[PDB]
Amino acid sequence: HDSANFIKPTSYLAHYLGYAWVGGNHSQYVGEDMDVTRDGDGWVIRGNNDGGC
Amino acid sequence: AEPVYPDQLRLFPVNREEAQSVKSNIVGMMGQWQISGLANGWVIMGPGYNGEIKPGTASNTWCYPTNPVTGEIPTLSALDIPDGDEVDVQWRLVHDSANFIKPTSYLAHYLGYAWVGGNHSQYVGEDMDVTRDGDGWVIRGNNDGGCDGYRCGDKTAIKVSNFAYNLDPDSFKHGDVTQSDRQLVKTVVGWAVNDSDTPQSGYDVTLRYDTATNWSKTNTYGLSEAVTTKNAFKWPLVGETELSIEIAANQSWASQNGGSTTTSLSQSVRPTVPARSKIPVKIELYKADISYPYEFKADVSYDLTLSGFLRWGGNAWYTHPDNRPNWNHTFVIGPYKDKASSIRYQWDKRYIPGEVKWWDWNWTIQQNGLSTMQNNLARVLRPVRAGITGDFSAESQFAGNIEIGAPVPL
């Protein structure tokens, strides 16, 4: 849940390698508007998909 | 950045990540089509907007109070039970109304179980019957006379079993060990002769006895194909004859599983013999039944099982069923063993929506209040200490004997 130390660097790493749509619908920048969820024994971080794009 | 407990929230500071971390609880606590701000231009929308979090502005802001409090379950002092045997201690434990019967009945009531009480009172935990059943105990409301209500004859049942003891290291003692029904297995006698000028200790005699069992199972399948040709010919001297040719092929597959278990036991003697002397030895093995008494001081833990049907008007199960189903659940009152049976683990992890799989404690906090649930759970989980005396017995065990004799000069 650390945005400045964990969420931003990993999103930027994914962006630099060529992955698409690293971000949420409520911002224009990489690593913004990201949702964190608990799934099984791990965690999933993905951009918010509410509204339209 | 910091965990947020929903019971601490107040609609007067709340980050977007904090609001998203606890989303369903915040959405459930606001009216439909209500819009309130979070912080730094972000606002959260109520039901009908599907809980969307989008930039906006508002004067009504959610705000975690400047100094929130910790909601840990308090720890109480131990309860002392008069000394006796295991069953006496259990009987004294399960017949305490103020310390055992009331807290467990209130815990069952708070979770949504129906009819926790007897017919001769209007309050929870009153008019309860205690009975001895097998290796455990059953506590249920008295069902004499009549009652008025939908399925008022289906009283919730509380069951106690699987008692365990955590001994104090320096308190255990045991008495005389006695044997009965002794049957001989095998014996051996021998001599150790030393004719040198120095003491010698290089001698060894060993007796060992083993038993074992085994099992296996096998499955087999197969196929077969055959072609036959038959004709008739006339050959010199033999005359008419019949000639038949057959060719065949087959395939087969098999699979096997098995296992075994072996029991063994051995005895050895290694004497030291003085110079110019001899020593006799003897080893014996028996089967016998063993008995001895013991005593100690320990801490008592047990399993708690609740059985009944959940109320239609609301219950604490995380799916919130409304068809009045029959329910069973077991708690372990003591050291941690599993997540599904640990009250403390579920209570501590109530700020993570993905960990709520058995009981919804935030619902109970909303229904009854934080301090009421804290005190009830503190009374439920109170430690218990007592002194124990008992008896041990077992059939068909092993008994041995090893002897070194006196030296005889050569």
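That block above? That's the structure.
Calculation notes
- Residues numbered from 1 in each chain as written, not as in the entry; some residues may be left out.
- Chains lettered and ligands numbered in written order.
- Part of a larger assembly, values for the part shown.
- Heavy atoms only, no water.
- Helix = DSSP H or I, 4+ residues; strand = E, 2+ residues; numbered from the N terminus.
- Polar contact = N/O pair within 3.5 Å; in protein donor to acceptor, adjacent residues only side chain to side chain.
- Salt bridge = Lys/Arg side-chain N within 4 Å of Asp/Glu carboxyl O.
- Buried < 20%, exposed > 50% of the residue type's maximum accessible area, 1.4 Å probe, protein only.

Participant: What is the right way to read the environment of A:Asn5 from this model?
Facilitator: Secondary-structure assignment places A:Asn5 in helix α1 (residues 3-16). A polar atom in the side chain of A:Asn5 sits 3.0 Å from the side chain of A:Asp2.

Participant: Just to check I follow, could you spell out the pattern of salt bridges for this structure?
Facilitator: Opposite charge on two side chains makes pairing possible when the charged atoms of those side chains draw close. Following the criterion strictly, the structure yields 15 salt bridges over all chains and no others. A salt bridge links A:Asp33 to B:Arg16; its shortest N-O distance comes to 2.3 Å. With one member in each of two chains, A:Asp33 in the loop between α1 and β1 (34-39) and B:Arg16 in helix α1 (residues 16-21) form a pair that bridges those chains. Side by side, A:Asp33 and B:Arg16 carry an identical accessibility label, which is buried. The salt bridge partner of B:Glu242 is B:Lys230, with a shortest N-O separation of 3.5 Å. You can see B:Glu242 sitting in strand β11 (residues 239-269) and its partner B:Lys230 sitting in strand β10 (residues 205-235), a full twelve residues away along the chain.

Participant: Even after reading the chapter, I still don't get unusual backbone geometry, so can you show me in this structure?
Facilitator: It is generally the case that most residues other than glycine have a negative phi and that most peptide bonds are trans. For A:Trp21, which is not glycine, the phi dihedral falls at a positive 55 degrees. With respect to the secondary-structure elements, A:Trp21 resides in the loop between α1 and β1. The backbone of B:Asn162 shows a phi angle near 50 degrees, a positive value even though the residue is not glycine. Checked against the element boundaries, B:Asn162 lands in strand β7 (residues 157-167). Residue classification places B:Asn162 among the exposed residues on the basis of a relative accessible area of 52%.

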